[PDB]
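Just below is one structure, and these are the notes that go with it.
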Ligand SMILES: Cn1ncc(C(=O)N2CCOCC2)c1C(=O)Nc1cc2nc(-c3ccccc3)nn2cn1
Ligand SMILES: [Mg+2]
Ligand SMILES: [Zn+2]
């Protein structure tokens, strides 16, 4: 009860910033997550022993793929931690609990392939879930882990608080399906511009939490340039493995996934910052002004990708 997690001074300070990198020491990531739950939520949100057991079952159910791995889970949760801490009074007690957990869990048992590849390969998961295929799988793995003995970190919630939190987590994990992001942000755009956005409207909250999820999920583009650049290598390592597998099914992959079109990467990064990232963090900054450093950091990394194209690196 009187047992805080604490971090070394450089981490204690830098973890509060949006651009924090959780570092290469895997064995510290659990402690970092618990630190964030404790400051974001309270030392009383979760029975420490249940939390620690839940975190380690989550780690065990992430695979050793280049990008969609246990480091991604904690990175995405840290971005959420930063949004929640800079927007203290906008979120309920249940939202704070459920969203860090949602982010830790959002890519559970990912294999490093897209929903399209599952559908072209005819994976069983693609018959069980016709849209948002991996994301319905991730929520389903979260429920599984929550129902292992000693793993129910929400035990102390009421029957209806319990259902409201599992419903927040579900919507939060579905929203990480980038196919849903485009419409979700268009609507958030119109609602904010016509002045109809209303955070007491539960369907409005849902959309705003969905946009936060997309922001946290993409937060590689909001890091210091060397983090951004070295993360992009892990991303393409998956994309190109997927492209190889497409070719094995006798399908020309999209260029994003063709290792034979490495030369086009800098321009594809621009497409991505302009079509997805920048619009994402813009609308997020409009709705939640203290998240502006994500937008500023994204625009800086766009400008570093422009330099790469110009041969200035
Ligand atoms: C940087 N970042 N962060 C997250 C993600 C991301 O898409 N997520 C969703 C999928 O799951 C993985 C993560 C990315 C990223 O890089 N997206 C990305 C890279 C890219 N390259 C090209 C490209 C097109 C033609 C020729 C050569 C390259 N198009 N293109 C479009 N998007
Ligand atoms: Mg995902
Ligand atoms: Zn993800």
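Heads up, residue numbers simply count up from 1 along the chain you see.
Per deposition record, X-ray crystallography, 2.2 Å.
Just so you know, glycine gets a Cβ as well, placed from its N, Cα and C.
Per Swiss-Prot, active site, proton donor is recorded for 68, and the stated evidence type is similarity to another entry. In the three-state DSSP reading, residue 68 (active site, proton donor) counts as coil. Taking a C-beta cut-off of under 8 Å and a sequence gap of six or more, residue 68 (active site, proton donor) has these contacts in its own chain: 62, 107, 110, 111, 112, 238.
Per Swiss-Prot, 3',5'-cyclic GMP binding site is recorded for 68, 269. Remark: residue 269 (3',5'-cyclic GMP binding site) has 232, 305, 308 as non-local neighbours, by Cβ distance under 8 Å and separation of at least 6 in sequence.
A coil conformation is recorded for residue 106 (divalent metal cation 1 binding site) in the three-state DSSP classification, outside any helix or strand. Taken from Swiss-Prot, the feature divalent metal cation 1 binding site covers 72, 106, 107, 217, and the record attributes it to experimental evidence.
Sequence annotations record features per position, and here Swiss-Prot assigns divalent metal cation 2 binding site to 107.
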Around the recorded divalent metal cation 1 site (72, 106, 107, 217), other residues with Cβ within 8 Å of the Cβ centre, ordered by sequence, are 68, 73, 76, 103, 110, 176, 216
Residue 269 (3',5'-cyclic GMP binding site) in three-state DSSP notation: helix
Contacting binding-site residues for ligand 2, chosen from 72, 107, 269 when the Cβ sits under 6 angstroms of any of its atoms: 107
Which binding-site residues out of 107, 217, 269 lie by ligand 3, going by a Cβ under 6 Å? 107, 217
Sparsest-packed of the listed binding-site residues (72, 106) - C-beta count within 10 angstroms: 72
